[PDB]
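The form deposited in one PDB entry is given below as one chain in structure tokens.
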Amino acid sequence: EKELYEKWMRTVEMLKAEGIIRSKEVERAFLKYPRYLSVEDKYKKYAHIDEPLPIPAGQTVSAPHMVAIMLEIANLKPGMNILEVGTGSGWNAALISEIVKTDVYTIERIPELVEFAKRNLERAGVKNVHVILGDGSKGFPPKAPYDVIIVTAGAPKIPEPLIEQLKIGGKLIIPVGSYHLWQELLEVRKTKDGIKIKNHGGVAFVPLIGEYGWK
């Protein structure tokens, strides 16, 4: 693990030099929870490479720069109430929890991954992350409204439930476009002056499958 962490520190330094990681909060989160903690043993040797990696059930853990970009856009602060849609390995949720210092809610539709993520989080000593099995395109009403909702799967359009569950002034970060390609990373802010949207570039996440996602 010592060798793996050395490589990871270089990755974080690189992201900072690239201007990808720009806040100390995101840098600290990345250093506390290296990506190798979230992937199967056979992929740990590649955890420091800035590329997405496979996880069970045909899904993947995002590339380090993509996770960093989304966290920086989120502008997370202690005490915020965050909902992540698409737990996967639980890596992103762990990072979020380190920054907000409170309960984080994350939803995953595949039972196998709910278990996978729970094991990774427990193994890493994370307690504030709460993994729920369900259709995240419907959000998670029990703990709404949220300061930020971070969706890590691509949707064909912006799910209305996610907008409804945002606090006034809150934001939704979500990929919108085609099934598994040609998606645009959107930053959607819910304000009194209306819904404001900023496009952040092309991406290619796994599809958001659900009632308000893909069929």
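Note that residue numbering follows the sequence shown and begins at 1. Heads up, when I say rigid core I mean the largest set of C-alphas that superpose within 1.5 Å between the two forms.
Between 132-140 and 118-126, it is 118-126 that carries the larger average Cα temperature factor according to the deposited entry. The mean Cα B-factor in the deposited entry runs higher for 58-66 than for the other of 146-154 and 58-66.
Among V176, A29, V188, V39, the highest C-alpha B-factor in the deposited entry belongs to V39. Among the modelled residues of the chain, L162 sits in the middle third by CA temperature factor in this PDB entry. When the modelled residues of the chain are ordered by their C-alpha B factor, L53 lands in the middle third.
There is another form of this protein, the form deposited with a partner chain bound, and it is not shown here; the text below is about that form.
Three-residue candidate spot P54, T60 and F205; every residue lies within 4.5 angstroms of its partner chain in the entry with it bound by at least one non-hydrogen atom. For the options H65, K190, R28, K44, the residue carrying a heavy atom within 4.5 angstroms of its partner chain in the entry with it bound is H65.
Just one of the listed positions, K45, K157, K32, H180, moves its Cα by at least 2 Å between this form and the one not shown when the rigid core is held fixed, and it is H180.
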